[PDB]
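Chemist: What follows is upload32.pdb, made up of PDB, N, CA and C atoms:
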```pdb
ATOM      1  N   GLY N   1      79.531  15.678  59.080  1.00  0.00           N
ATOM      2  CA  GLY N   1      80.142  14.732  59.966  1.00  0.00           C
ATOM      3  C   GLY N   1      81.629  15.042  60.105  1.00  0.00           C
ATOM      4  N   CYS N   2      82.368  14.261  60.876  1.00  0.00           N
ATOM      5  CA  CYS N   2      83.804  14.478  61.110  1.00  0.00           C
ATOM      6  C   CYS N   2      84.664  14.234  59.874  1.00  0.00           C
ATOM      7  N   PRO N   3      85.864  14.819  59.791  1.00  0.00           N
ATOM      8  CA  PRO N   3      86.667  14.696  58.555  1.00  0.00           C
ATOM      9  C   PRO N   3      87.374  13.342  58.407  1.00  0.00           C
ATOM     10  N   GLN N   4      86.584  12.322  58.180  1.00  0.00           N
ATOM     11  CA  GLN N   4      87.056  10.992  57.870  1.00  0.00           C
ATOM     12  C   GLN N   4      86.456  10.547  56.559  1.00  0.00           C
ATOM     13  N   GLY N   5      85.861  11.475  55.824  1.00  0.00           N
ATOM     14  CA  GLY N   5      85.314  11.128  54.522  1.00  0.00           C
ATOM     15  C   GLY N   5      85.202  12.285  53.579  1.00  0.00           C
ATOM     16  N   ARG N   6      86.291  12.998  53.420  1.00  0.00           N
ATOM     17  CA  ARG N   6      86.335  14.111  52.487  1.00  0.00           C
ATOM     18  C   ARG N   6      87.285  13.715  51.357  1.00  0.00           C
ATOM     19  N   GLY N   7      87.389  14.610  50.356  1.00  0.00           N
ATOM     20  CA  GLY N   7      88.243  14.316  49.219  1.00  0.00           C
ATOM     21  C   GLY N   7      89.640  13.893  49.590  1.00  0.00           C
ATOM     22  N   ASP N   8      90.360  14.724  50.327  1.00  0.00           N
ATOM     23  CA  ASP N   8      91.762  14.398  50.700  1.00  0.00           C
ATOM     24  C   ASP N   8      91.829  13.861  52.157  1.00  0.00           C
ATOM     25  N   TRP N   9      90.684  13.537  52.721  1.00  0.00           N
ATOM     26  CA  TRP N   9      90.652  12.951  54.078  1.00  0.00           C
ATOM     27  C   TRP N   9      90.090  11.578  53.936  1.00  0.00           C
ATOM     28  N   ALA N  10      90.966  10.686  53.502  1.00  0.00           N
ATOM     29  CA  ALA N  10      90.624   9.279  53.329  1.00  0.00           C
ATOM     30  C   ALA N  10      90.352   8.725  54.758  1.00  0.00           C
ATOM     31  N   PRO N  11      89.484   7.710  54.848  1.00  0.00           N
ATOM     32  CA  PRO N  11      89.172   7.255  56.219  1.00  0.00           C
ATOM     33  C   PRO N  11      90.259   6.489  56.912  1.00  0.00           C
ATOM     34  N   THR N  12      90.113   6.316  58.218  1.00  0.00           N
ATOM     35  CA  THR N  12      91.108   5.593  59.023  1.00  0.00           C
ATOM     36  C   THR N  12      90.653   4.137  59.296  1.00  0.00           C
ATOM     37  N   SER N  13      91.480   3.161  58.997  1.00  0.00           N
ATOM     38  CA  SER N  13      91.121   1.765  59.199  1.00  0.00           C
ATOM     39  C   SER N  13      90.994   1.569  60.702  1.00  0.00           C
ATOM     40  N   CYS N  14      89.919   0.933  61.091  1.00  0.00           N
ATOM     41  CA  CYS N  14      89.630   0.730  62.503  1.00  0.00           C
ATOM     42  C   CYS N  14      89.024  -0.678  62.750  1.00  0.00           C
ATOM     43  N   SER N  15      88.929  -1.011  64.035  1.00  0.00           N
ATOM     44  CA  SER N  15      88.295  -2.260  64.498  1.00  0.00           C
ATOM     45  C   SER N  15      87.264  -1.896  65.578  1.00  0.00           C
ATOM     46  N   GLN N  16      87.327  -0.695  66.095  1.00  0.00           N
ATOM     47  CA  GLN N  16      86.380  -0.217  67.104  1.00  0.00           C
ATOM     48  C   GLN N  16      86.223   1.276  66.982  1.00  0.00           C
ATOM     49  N   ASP N  17      85.168   1.797  67.599  1.00  0.00           N
ATOM     50  CA  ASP N  17      84.901   3.249  67.627  1.00  0.00           C
ATOM     51  C   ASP N  17      85.996   4.047  68.307  1.00  0.00           C
ATOM     52  N   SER N  18      86.692   3.457  69.288  1.00  0.00           N
ATOM     53  CA  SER N  18      87.786   4.167  69.973  1.00  0.00           C
ATOM     54  C   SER N  18      88.921   4.522  69.005  1.00  0.00           C
ATOM     55  N   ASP N  19      89.049   3.802  67.891  1.00  0.00           N
ATOM     56  CA  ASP N  19      90.087   4.133  66.905  1.00  0.00           C
ATOM     57  C   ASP N  19      89.745   5.438  66.147  1.00  0.00           C
ATOM     58  N   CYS N  20      88.546   5.956  66.308  1.00  0.00           N
ATOM     59  CA  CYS N  20      88.077   7.082  65.524  1.00  0.00           C
ATOM     60  C   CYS N  20      87.973   8.437  66.298  1.00  0.00           C
ATOM     61  N   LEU N  21      87.742   9.512  65.561  1.00  0.00           N
ATOM     62  CA  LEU N  21      87.577  10.791  66.190  1.00  0.00           C
ATOM     63  C   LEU N  21      86.230  10.835  66.935  1.00  0.00           C
ATOM     64  N   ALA N  22      86.061  11.847  67.755  1.00  0.00           N
ATOM     65  CA  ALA N  22      84.830  11.981  68.513  1.00  0.00           C
ATOM     66  C   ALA N  22      83.565  12.110  67.655  1.00  0.00           C
ATOM     67  N   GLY N  23      82.553  11.280  67.919  1.00  0.00           N
ATOM     68  CA  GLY N  23      81.292  11.377  67.192  1.00  0.00           C
ATOM     69  C   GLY N  23      81.285  10.514  65.924  1.00  0.00           C
ATOM     70  N   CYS N  24      82.463   9.948  65.602  1.00  0.00           N
ATOM     71  CA  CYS N  24      82.644   9.085  64.460  1.00  0.00           C
ATOM     72  C   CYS N  24      82.637   7.683  65.002  1.00  0.00           C
ATOM     73  N   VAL N  25      82.296   6.715  64.167  1.00  0.00           N
ATOM     74  CA  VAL N  25      82.185   5.291  64.540  1.00  0.00           C
ATOM     75  C   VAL N  25      82.991   4.476  63.551  1.00  0.00           C
ATOM     76  N   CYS N  26      83.223   3.216  63.883  1.00  0.00           N
ATOM     77  CA  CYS N  26      83.863   2.310  62.961  1.00  0.00           C
ATOM     78  C   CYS N  26      82.720   1.699  62.116  1.00  0.00           C
ATOM     79  N   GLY N  27      82.739   2.001  60.822  1.00  0.00           N
ATOM     80  CA  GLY N  27      81.657   1.592  59.946  1.00  0.00           C
ATOM     81  C   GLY N  27      81.748   0.132  59.502  1.00  0.00           C
ATOM     82  N   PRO N  28      80.809  -0.374  58.694  1.00  0.00           N
ATOM     83  CA  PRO N  28      80.889  -1.769  58.272  1.00  0.00           C
ATOM     84  C   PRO N  28      81.968  -2.006  57.221  1.00  0.00           C
ATOM     85  N   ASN N  29      82.430  -0.889  56.681  1.00  0.00           N
ATOM     86  CA  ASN N  29      83.532  -0.847  55.717  1.00  0.00           C
ATOM     87  C   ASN N  29      84.914  -1.001  56.440  1.00  0.00           C
ATOM     88  N   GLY N  30      84.878  -0.984  57.765  1.00  0.00           N
ATOM     89  CA  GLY N  30      86.082  -1.224  58.545  1.00  0.00           C
ATOM     90  C   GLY N  30      86.959  -0.007  58.641  1.00  0.00           C
ATOM     91  N   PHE N  31      86.289   1.100  58.447  1.00  0.00           N
ATOM     92  CA  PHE N  31      86.900   2.420  58.377  1.00  0.00           C
ATOM     93  C   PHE N  31      86.111   3.359  59.274  1.00  0.00           C
ATOM     94  N   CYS N  32      86.778   4.357  59.828  1.00  0.00           N
ATOM     95  CA  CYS N  32      86.130   5.406  60.612  1.00  0.00           C
ATOM     96  C   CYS N  32      85.214   6.248  59.725  1.00  0.00           C
ATOM     97  N   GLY N  33      84.132   6.741  60.305  1.00  0.00           N
ATOM     98  CA  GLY N  33      83.198   7.599  59.578  1.00  0.00           C
ATOM     99  C   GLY N  33      82.056   8.035  60.409  1.00  0.00           C
TER     100      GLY N  33
END
```
Can you dump the structure from the file as structure tokens?
Modeler:
Amino acid sequence: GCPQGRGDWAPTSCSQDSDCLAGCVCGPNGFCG
């Protein structure tokens, strides 16, 4: 998947999928992934 969940790639806080990279969604954790 996209680099929003790797060791040194902590996720991005989001409220919608548009806050995230392409193909990534805003998860229930409130973070991109």
Chemist: So what do you get for atom CA of residue N:30 versus atom CA of residue N:15, distance-wise?
Modeler: 6.4 Å
Chemist: Around (92.5, 2.9, 60.0) in the file's frame, which residues reach within 8 Å when counting only N, CA and C atoms? Return as an NGL selection string?
Modeler: :N and (11-15 or 19 or 30-32)
Chemist: Please report the interatomic distance between atom CA of residue N:22 and atom C of residue N:8 in Å with one decimal.
Modeler: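 Atom CA of residue N:22 sits 17.9 Å away from atom C of residue N:8.
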Chemist: Just the number, please: distance in Å from atom CA of residue N:25 to atom CA of residue N:10, one decimal.
Modeler: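 If I compute the distance from atom CA of residue N:25 to atom CA of residue N:10, I get 14.6 Å.
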Chemist: List as a PyMOL selection string: which residues have an atom within 6 Å of (87.6, 10.1, 61.7), counting all atoms listed in the file?
Modeler: chain N and resi 2-4+12+20-21+24+32-33
Chemist: Complete stretch 4-30 of chain N with N, CA, C and O atoms (output as a PDB file, keeping the file's coordinate frame).
Modeler:
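Below you can see out13.pdb, which holds the result:
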```
ATOM      1  N   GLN N   4      86.584  12.322  58.180  1.00  0.00           N
ATOM      2  CA  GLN N   4      87.056  10.992  57.870  1.00  0.00           C
ATOM      3  C   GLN N   4      86.456  10.547  56.559  1.00  0.00           C
ATOM      4  O   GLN N   4      86.537   9.388  56.178  1.00  0.00           O
ATOM      5  N   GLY N   5      85.861  11.475  55.824  1.00  0.00           N
ATOM      6  CA  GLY N   5      85.314  11.128  54.522  1.00  0.00           C
ATOM      7  C   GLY N   5      85.202  12.285  53.579  1.00  0.00           C
ATOM      8  O   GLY N   5      84.153  12.530  52.994  1.00  0.00           O
ATOM      9  N   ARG N   6      86.291  12.998  53.420  1.00  0.00           N
ATOM     10  CA  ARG N   6      86.335  14.111  52.487  1.00  0.00           C
ATOM     11  C   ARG N   6      87.285  13.715  51.357  1.00  0.00           C
ATOM     12  O   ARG N   6      87.891  12.652  51.423  1.00  0.00           O
ATOM     13  N   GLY N   7      87.389  14.610  50.356  1.00  0.00           N
ATOM     14  CA  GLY N   7      88.243  14.316  49.219  1.00  0.00           C
ATOM     15  C   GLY N   7      89.640  13.893  49.590  1.00  0.00           C
ATOM     16  O   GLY N   7      90.076  12.846  49.178  1.00  0.00           O
ATOM     17  N   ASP N   8      90.360  14.724  50.327  1.00  0.00           N
ATOM     18  CA  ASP N   8      91.762  14.398  50.700  1.00  0.00           C
ATOM     19  C   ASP N   8      91.829  13.861  52.157  1.00  0.00           C
ATOM     20  O   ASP N   8      92.914  13.711  52.718  1.00  0.00           O
ATOM     21  N   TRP N   9      90.684  13.537  52.721  1.00  0.00           N
ATOM     22  CA  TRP N   9      90.652  12.951  54.078  1.00  0.00           C
ATOM     23  C   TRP N   9      90.090  11.578  53.936  1.00  0.00           C
ATOM     24  O   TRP N   9      88.891  11.363  54.123  1.00  0.00           O
ATOM     25  N   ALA N  10      90.966  10.686  53.502  1.00  0.00           N
ATOM     26  CA  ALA N  10      90.624   9.279  53.329  1.00  0.00           C
ATOM     27  C   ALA N  10      90.352   8.725  54.758  1.00  0.00           C
ATOM     28  O   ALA N  10      90.888   9.222  55.765  1.00  0.00           O
ATOM     29  N   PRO N  11      89.484   7.710  54.848  1.00  0.00           N
ATOM     30  CA  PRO N  11      89.172   7.255  56.219  1.00  0.00           C
ATOM     31  C   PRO N  11      90.259   6.489  56.912  1.00  0.00           C
ATOM     32  O   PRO N  11      91.261   6.112  56.339  1.00  0.00           O
ATOM     33  N   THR N  12      90.113   6.316  58.218  1.00  0.00           N
ATOM     34  CA  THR N  12      91.108   5.593  59.023  1.00  0.00           C
ATOM     35  C   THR N  12      90.653   4.137  59.296  1.00  0.00           C
ATOM     36  O   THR N  12      89.488   3.932  59.731  1.00  0.00           O
ATOM     37  N   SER N  13      91.480   3.161  58.997  1.00  0.00           N
ATOM     38  CA  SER N  13      91.121   1.765  59.199  1.00  0.00           C
ATOM     39  C   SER N  13      90.994   1.569  60.702  1.00  0.00           C
ATOM     40  O   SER N  13      91.909   1.932  61.491  1.00  0.00           O
ATOM     41  N   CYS N  14      89.919   0.933  61.091  1.00  0.00           N
ATOM     42  CA  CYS N  14      89.630   0.730  62.503  1.00  0.00           C
ATOM     43  C   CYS N  14      89.024  -0.678  62.750  1.00  0.00           C
ATOM     44  O   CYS N  14      88.585  -1.373  61.836  1.00  0.00           O
ATOM     45  N   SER N  15      88.929  -1.011  64.035  1.00  0.00           N
ATOM     46  CA  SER N  15      88.295  -2.260  64.498  1.00  0.00           C
ATOM     47  C   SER N  15      87.264  -1.896  65.578  1.00  0.00           C
ATOM     48  O   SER N  15      86.444  -2.695  65.911  1.00  0.00           O
ATOM     49  N   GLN N  16      87.327  -0.695  66.095  1.00  0.00           N
ATOM     50  CA  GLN N  16      86.380  -0.217  67.104  1.00  0.00           C
ATOM     51  C   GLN N  16      86.223   1.276  66.982  1.00  0.00           C
ATOM     52  O   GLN N  16      87.100   1.953  66.380  1.00  0.00           O
ATOM     53  N   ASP N  17      85.168   1.797  67.599  1.00  0.00           N
ATOM     54  CA  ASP N  17      84.901   3.249  67.627  1.00  0.00           C
ATOM     55  C   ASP N  17      85.996   4.047  68.307  1.00  0.00           C
ATOM     56  O   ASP N  17      86.179   5.224  68.003  1.00  0.00           O
ATOM     57  N   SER N  18      86.692   3.457  69.288  1.00  0.00           N
ATOM     58  CA  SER N  18      87.786   4.167  69.973  1.00  0.00           C
ATOM     59  C   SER N  18      88.921   4.522  69.005  1.00  0.00           C
ATOM     60  O   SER N  18      89.711   5.441  69.302  1.00  0.00           O
ATOM     61  N   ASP N  19      89.049   3.802  67.891  1.00  0.00           N
ATOM     62  CA  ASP N  19      90.087   4.133  66.905  1.00  0.00           C
ATOM     63  C   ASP N  19      89.745   5.438  66.147  1.00  0.00           C
ATOM     64  O   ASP N  19      90.574   5.985  65.409  1.00  0.00           O
ATOM     65  N   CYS N  20      88.546   5.956  66.308  1.00  0.00           N
ATOM     66  CA  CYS N  20      88.077   7.082  65.524  1.00  0.00           C
ATOM     67  C   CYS N  20      87.973   8.437  66.298  1.00  0.00           C
ATOM     68  O   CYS N  20      88.118   8.478  67.525  1.00  0.00           O
ATOM     69  N   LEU N  21      87.742   9.512  65.561  1.00  0.00           N
ATOM     70  CA  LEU N  21      87.577  10.791  66.190  1.00  0.00           C
ATOM     71  C   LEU N  21      86.230  10.835  66.935  1.00  0.00           C
ATOM     72  O   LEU N  21      85.368   9.938  66.785  1.00  0.00           O
ATOM     73  N   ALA N  22      86.061  11.847  67.755  1.00  0.00           N
ATOM     74  CA  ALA N  22      84.830  11.981  68.513  1.00  0.00           C
ATOM     75  C   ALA N  22      83.565  12.110  67.655  1.00  0.00           C
ATOM     76  O   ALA N  22      83.510  12.983  66.773  1.00  0.00           O
ATOM     77  N   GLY N  23      82.553  11.280  67.919  1.00  0.00           N
ATOM     78  CA  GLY N  23      81.292  11.377  67.192  1.00  0.00           C
ATOM     79  C   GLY N  23      81.285  10.514  65.924  1.00  0.00           C
ATOM     80  O   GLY N  23      80.222  10.307  65.321  1.00  0.00           O
ATOM     81  N   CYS N  24      82.463   9.948  65.602  1.00  0.00           N
ATOM     82  CA  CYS N  24      82.644   9.085  64.460  1.00  0.00           C
ATOM     83  C   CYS N  24      82.637   7.683  65.002  1.00  0.00           C
ATOM     84  O   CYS N  24      82.980   7.483  66.176  1.00  0.00           O
ATOM     85  N   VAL N  25      82.296   6.715  64.167  1.00  0.00           N
ATOM     86  CA  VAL N  25      82.185   5.291  64.540  1.00  0.00           C
ATOM     87  C   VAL N  25      82.991   4.476  63.551  1.00  0.00           C
ATOM     88  O   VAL N  25      83.336   4.944  62.455  1.00  0.00           O
ATOM     89  N   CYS N  26      83.223   3.216  63.883  1.00  0.00           N
ATOM     90  CA  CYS N  26      83.863   2.310  62.961  1.00  0.00           C
ATOM     91  C   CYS N  26      82.720   1.699  62.116  1.00  0.00           C
ATOM     92  O   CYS N  26      81.805   1.039  62.643  1.00  0.00           O
ATOM     93  N   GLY N  27      82.739   2.001  60.822  1.00  0.00           N
ATOM     94  CA  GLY N  27      81.657   1.592  59.946  1.00  0.00           C
ATOM     95  C   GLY N  27      81.748   0.132  59.502  1.00  0.00           C
ATOM     96  O   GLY N  27      82.711  -0.559  59.858  1.00  0.00           O
ATOM     97  N   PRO N  28      80.809  -0.374  58.694  1.00  0.00           N
ATOM     98  CA  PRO N  28      80.889  -1.769  58.272  1.00  0.00           C
ATOM     99  C   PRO N  28      81.968  -2.006  57.221  1.00  0.00           C
ATOM    100  O   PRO N  28      82.407  -3.082  56.917  1.00  0.00           O
ATOM    101  N   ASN N  29      82.430  -0.889  56.681  1.00  0.00           N
ATOM    102  CA  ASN N  29      83.532  -0.847  55.717  1.00  0.00           C
ATOM    103  C   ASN N  29      84.914  -1.001  56.440  1.00  0.00           C
ATOM    104  O   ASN N  29      85.960  -1.130  55.803  1.00  0.00           O
ATOM    105  N   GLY N  30      84.878  -0.984  57.765  1.00  0.00           N
ATOM    106  CA  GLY N  30      86.082  -1.224  58.545  1.00  0.00           C
ATOM    107  C   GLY N  30      86.959  -0.007  58.641  1.00  0.00           C
ATOM    108  O   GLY N  30      88.197  -0.058  58.809  1.00  0.00           O
TER     109      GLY N  30
END
```
